[PDB]
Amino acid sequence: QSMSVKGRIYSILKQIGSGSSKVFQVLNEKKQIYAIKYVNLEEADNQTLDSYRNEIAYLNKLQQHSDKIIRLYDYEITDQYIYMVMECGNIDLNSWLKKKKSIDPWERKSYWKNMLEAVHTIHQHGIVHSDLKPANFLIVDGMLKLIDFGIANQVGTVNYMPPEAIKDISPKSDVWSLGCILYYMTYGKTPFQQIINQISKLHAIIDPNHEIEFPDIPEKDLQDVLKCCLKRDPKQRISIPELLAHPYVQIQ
């Protein structure tokens, strides 16, 4: 199969993702590899169109500010569709962590640093993603990159949801969600993964008398990061600038 984006032809190699949007692995005329995100605007309302346009403008602006944000090379927006030419990753973080038995402490730290940089950048532009999960990150050349910003309208998981989001959102909400991802990378499960029932799980996340277990590991700095991120009171939670100065990210 084939497709045109701003007068340039792309040969389709395979389908990567998919609701009213499909993501494909493609090749250009110069035989280079990209990802084309196709979005169908056929049954999209004005609020939806506006959320999609807002996300595209933020992605395109924030390109320049950090290499930990996915590259957007070009796009074609009409009334019926959106075509976005982006860089191709190797795998998303969720699929990678699910396949992998154990994570090496060096790659985890490297990945954590990238997650902090990408999220820091969005916060500096007034954006709180509000729905961070490992699916929002992409491995590209041993480098973790953020794929989206949470503006445009793993499906609806609550394992990474901060207590304040369950009650109701400041940058501290993204800190909780990032801590849950690092907790998965550390202990092999999210802090409340063991609770099947969604109601009982939402009740545990908000419950202060419900103690999050932090089993002893050889990395005390890593244990401290986790305890700092996973503080139920947003006022008592560590900030991104504070996490970037933490020993876990700096020592050695």
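Heads up: residue numbers just count along the shown sequence, starting at 1. We call the rigid core the largest set of C-alpha positions that still match within 1.5 Å between the two forms.
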Legend entry - 227-235 against 9-17 - segment lying farther from this form in 8 other deposited structures of this protein (CA RMS, rigid core fit): 9-17
Legend entry - Other entries lacking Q154, at least a third: yes
Legend entry - Missing from the model but present in the deposited sequence, between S18 and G19: 1 to 3
Inset, instruction - Answer with none, 1 to 3, 4 to 9, or 10 or more: how many deposited residues between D168 and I169 are not present in the coordinates. - result: 10 or more
Inset, instruction - Please work out which of 70-78 and 100-108 has the higher mean CA B-factor as recorded in the PDB entry. - result: 100-108
Inset, instruction - Quick one: say whether 154-162 or 84-92 has the higher mean Cα B-factor in the deposited entry. - result: 154-162
Inset, instruction - Sort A35, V39, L59, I206 by C-alpha B-factor from the entry and give me just the highest. - result: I206
Inset, instruction - Tell me, lowest, middle or highest third: where does the Cα B factor of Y183 rank within its chain? - result: middle
Legend entry - Where the record places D131 (Cα B-factor, split into thirds across the chain): middle
Legend entry - Relative C-alpha B-factor of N54, binned into the chain's lowest, middle or highest third: lowest
